[PDB]
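Colleague: Handing you a structure now.
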Amino acid sequence: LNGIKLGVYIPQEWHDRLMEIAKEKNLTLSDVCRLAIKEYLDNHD
Amino acid sequence: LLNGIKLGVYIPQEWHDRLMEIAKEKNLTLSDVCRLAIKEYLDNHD
């Protein structure tokens, strides 16, 4: 994407479970990452 | 090596500057805040 980069390290299995979701949905791992981010941010009004 | 793999995810500024603000109120790194944004998300896929 554009805008502001992230350089987070996460648990190896997490990644995988994020890579299998991204497959299943026809997204990339960034896409699904933004998904969880925006979903988090939505929780916090 | 608890953590380990790196992500590079290009996200809007708004999500960026705003995640930052949550961190400072939970006292966390910008990075903690995502780690759980992600974990919760992965939890909510059963």
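By order in the structure tokens, chains are A, B, ...; within a chain, residues start at 1; ligands start at 1, following the order shown.
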I need the contact residues of chain A against chain B, so if you could list those with any atom within 7 Å, counting only C-alpha atoms, and return them as a PyMOL selection string, that would help.
Modeller: chain A and resi 1-12+30+33-34+36-37+40
Colleague: Store the residues picked out above in a file with N, CA and C atoms, as a short mmCIF file (atom, residue, chain, number, x, y, z; two decimals), in the first residue's frame.
Modeller:
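Okay, part_29.cif is ready:
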```cif
data_model
loop_
_atom_site.label_atom_id
_atom_site.label_comp_id
_atom_site.auth_asym_id
_atom_site.auth_seq_id
_atom_site.Cartn_x
_atom_site.Cartn_y
_atom_site.Cartn_z
N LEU A 1 0.81 -1.23 0.00
CA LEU A 1 0.00 0.00 0.00
C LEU A 1 0.85 1.28 0.00
N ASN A 2 0.22 2.42 0.37
CA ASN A 2 0.83 3.77 0.43
C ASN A 2 0.93 4.18 1.90
N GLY A 3 1.00 5.49 2.19
CA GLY A 3 0.94 5.99 3.56
C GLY A 3 2.07 5.64 4.54
N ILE A 4 1.71 4.95 5.64
CA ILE A 4 2.60 4.68 6.78
C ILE A 4 2.98 3.21 7.14
N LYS A 5 4.24 2.84 6.90
CA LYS A 5 4.70 1.47 7.12
C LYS A 5 4.68 0.94 8.56
N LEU A 6 4.59 -0.38 8.68
CA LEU A 6 4.75 -1.10 9.95
C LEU A 6 5.91 -2.09 9.91
N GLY A 7 6.71 -2.08 10.97
CA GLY A 7 7.79 -3.03 11.13
C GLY A 7 7.67 -3.89 12.38
N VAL A 8 6.48 -4.45 12.62
CA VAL A 8 6.25 -5.33 13.76
C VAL A 8 6.74 -6.78 13.56
N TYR A 9 7.31 -7.38 14.60
CA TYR A 9 7.55 -8.81 14.61
C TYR A 9 6.43 -9.50 15.42
N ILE A 10 5.96 -10.65 14.94
CA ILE A 10 4.81 -11.36 15.53
C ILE A 10 5.17 -12.83 15.62
N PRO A 11 4.40 -13.60 16.39
CA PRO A 11 4.62 -15.05 16.51
C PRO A 11 4.50 -15.80 15.21
N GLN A 12 5.43 -16.71 14.97
CA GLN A 12 5.55 -17.45 13.71
C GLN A 12 4.26 -18.10 13.25
N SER A 30 -0.89 -8.35 4.05
CA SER A 30 -1.10 -6.93 4.40
C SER A 30 -2.58 -6.64 4.54
N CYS A 33 -3.92 -7.86 7.46
CA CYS A 33 -3.32 -7.20 8.59
C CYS A 33 -4.06 -5.90 8.81
N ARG A 34 -4.26 -5.13 7.76
CA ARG A 34 -5.06 -3.92 7.85
C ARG A 34 -6.44 -4.25 8.36
N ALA A 36 -7.42 -6.63 10.61
CA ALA A 36 -7.39 -6.75 12.04
C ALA A 36 -7.16 -5.42 12.72
N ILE A 37 -6.28 -4.60 12.14
CA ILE A 37 -6.05 -3.26 12.61
C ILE A 37 -7.29 -2.39 12.60
N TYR A 40 -9.70 -3.63 15.07
CA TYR A 40 -9.35 -3.28 16.42
C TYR A 40 -9.82 -1.87 16.68
#
```
Colleague: Would you mind telling me which residue in A:28, A:23, A:44, A:13 lies nearest to residue 23 of chain B when using only C-alpha atoms?
Modeller: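 Closest residue, counting only C-alpha atoms: A:44.
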Colleague: Got a sec to tell me which of chain A DSSP assigns to alpha helix (DSSP H), as a PyMOL selection string?
Modeller: chain A and resi 12-25+29-43
Colleague: Write to file, as a PDB file, in the first residue's frame, the residues of the selection just made, with C-alpha atoms.
Modeller:
```pdb
ATOM      1  CA  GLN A  12       5.548 -17.446  13.714  1.00  0.00           C
ATOM      2  CA  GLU A  13       2.250 -19.394  14.002  1.00  0.00           C
ATOM      3  CA  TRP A  14       0.258 -16.143  14.016  1.00  0.00           C
ATOM      4  CA  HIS A  15       1.755 -15.166  10.665  1.00  0.00           C
ATOM      5  CA  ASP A  16       0.870 -18.645   9.306  1.00  0.00           C
ATOM      6  CA  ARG A  17      -2.740 -18.362  10.575  1.00  0.00           C
ATOM      7  CA  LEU A  18      -2.745 -14.927   8.963  1.00  0.00           C
ATOM      8  CA  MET A  19      -1.311 -16.373   5.701  1.00  0.00           C
ATOM      9  CA  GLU A  20      -4.018 -19.149   5.640  1.00  0.00           C
ATOM     10  CA  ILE A  21      -6.861 -16.640   6.282  1.00  0.00           C
ATOM     11  CA  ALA A  22      -5.471 -14.337   3.543  1.00  0.00           C
ATOM     12  CA  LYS A  23      -5.582 -17.317   1.143  1.00  0.00           C
ATOM     13  CA  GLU A  24      -9.113 -18.407   2.100  1.00  0.00           C
ATOM     14  CA  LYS A  25     -10.411 -14.867   1.534  1.00  0.00           C
ATOM     15  CA  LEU A  29      -1.237 -10.790   4.350  1.00  0.00           C
ATOM     16  CA  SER A  30      -1.104  -6.930   4.403  1.00  0.00           C
ATOM     17  CA  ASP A  31      -4.786  -6.800   3.494  1.00  0.00           C
ATOM     18  CA  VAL A  32      -5.680  -9.083   6.413  1.00  0.00           C
ATOM     19  CA  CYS A  33      -3.315  -7.204   8.594  1.00  0.00           C
ATOM     20  CA  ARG A  34      -5.061  -3.924   7.849  1.00  0.00           C
ATOM     21  CA  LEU A  35      -8.235  -5.870   8.484  1.00  0.00           C
ATOM     22  CA  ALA A  36      -7.390  -6.751  12.039  1.00  0.00           C
ATOM     23  CA  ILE A  37      -6.047  -3.255  12.612  1.00  0.00           C
ATOM     24  CA  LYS A  38      -9.137  -1.469  11.361  1.00  0.00           C
ATOM     25  CA  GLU A  39     -11.281  -4.041  13.251  1.00  0.00           C
ATOM     26  CA  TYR A  40      -9.348  -3.276  16.425  1.00  0.00           C
ATOM     27  CA  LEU A  41      -9.664   0.434  15.917  1.00  0.00           C
ATOM     28  CA  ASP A  42     -13.374  -0.027  15.379  1.00  0.00           C
ATOM     29  CA  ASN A  43     -13.716  -1.738  18.879  1.00  0.00           C
TER      30      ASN A  43
END
```
